[PDB]
Structure formats: structure tokens, C-alpha cells
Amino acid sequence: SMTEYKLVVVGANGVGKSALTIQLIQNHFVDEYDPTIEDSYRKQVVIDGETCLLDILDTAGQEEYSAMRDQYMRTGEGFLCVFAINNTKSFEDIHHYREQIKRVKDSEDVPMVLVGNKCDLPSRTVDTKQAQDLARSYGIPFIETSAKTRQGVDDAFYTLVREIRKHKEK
């Protein structure tokens, strides 16, 4: 078989949205921060034995531009909601992303995965249990990642595809 999924990566500035995406697409990590305006990538993968094309939209953490961001959200099938484990504000921002996705998609059941990135760093401020509890309250998976070491990168994106497939079964 083949299928195709539109994935959208969202979250506050600097949390690692691009680093995670670039690890998935290009298999490398760099310390330099290159702020995003918008980038799009395509990759063919096999998940649970089923081949698919991933169309990944890497969005900016910028907070304005509601009309453009609503357009991202209407077209996206699933959302990686990323925060950094050493940035409490980025974790506190997550609920805003979830609220906006639910409003734009007019549903309380939207495929999404909570991603806690930068787990390689020694400066944690958000503990695993707070993030697990938040994900449980949303009914969505939580995946800890490091774009630097590649820990959890495939898992985050593949889990989101699994969430989309489960949603389509309903």
C-alpha cells in the first residue's frame, strides 16, 4: 500500500522543531539556530509495515499571523506539539496550540503528539511526570526526544502517523 500524511510541527521559538525535522529528513544535527519562516519537506517511510509519504510543514514559533497559521491547521492532518524540557514557558504555551488546533479543525479529537525535546541537556525544568500528566489529560501520546542525539525522533513522527490512522478508523 501507499498513503500520505500532512504533518505540521508547532511550538514555541527555539524548542527544536526544525532540528527534529532536519534529523528526520537529513540525518544530521547542528548547534546553529537558523530561525524559521516556513519550510516543507517530503519523505517516504514505512510505519507498521505500511508505506507512506510524509509531508512535513516546519512552522515558525512566531505568535502572530493567526490567519496564516489557521491555514496551516486546516490543511494539517496531525500536529507535533513541541516544547523543550529546559524551557517552562514553552511547556506552558502548549495549551494555546491545542486550543487553536481544536478551534480551527472544529473538533476535540485531532491527531497530535506532545514532544518534550532537548532531553540530552542537564538543565531540565519540566519533569517527565508533568508532561505525561498533561498528555494524559488530552488523550494523546507523550514522546521525549533529543534532536542532538536522535533519541525518539523517528518515534515522535511515527507515533503521530499512528494517531492519524487511529483517528481515520473512527
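Residues carry their position along the shown sequence, with the first being 1.
Checklist entry - Comparing 31 to 39 with 51 to 59, which has the greater mean CA B-factor as deposited? => result The recorded data point to 31 to 39.
Item to check | Residue stretch of maximal mean CA temperature factor, 88 to 96 vs 75 to 83 | outcome: Per the PDB entry, the higher value belongs to 88 to 96.
Next on the checklist: Quiz for you: based on the deposited Cα B-factor, which of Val110, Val113, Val45, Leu134 is highest?
Outcome noted: When the deposited C-alpha B-factors of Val110, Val113, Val45, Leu134 are compared, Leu134 is largest.
Checklist entry - Would the CA B-factor of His167 place it in the lowest, middle or highest third of its chain? => result Middle third, going by the recorded CA B-factors of the chain.
Checklist entry - In terms of the chain's CA B-factor thirds, is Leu24 lowest, middle or highest? => result Highest third - that is where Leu24 ends up once the chain's C-alpha B-factors are sorted.
Item to check | Where the record places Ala147 (Cα B-factor, split into thirds across the chain) | outcome: According to the entry, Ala147 has a C-alpha B-factor in the chain's middle third.
Item to check | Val10 - which third its CA temperature factor falls in, relative to the rest of the chain | outcome: Ranked within chain, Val10 CA B lands in the lowest tercile.
Checklist entry - Relative to the other modelled residues in the chain, which third contains the C-alpha temperature factor of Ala156: lowest, middle or highest? => result Within its chain, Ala156 is a middle-third residue by C-alpha B-factor, going by the deposited values.
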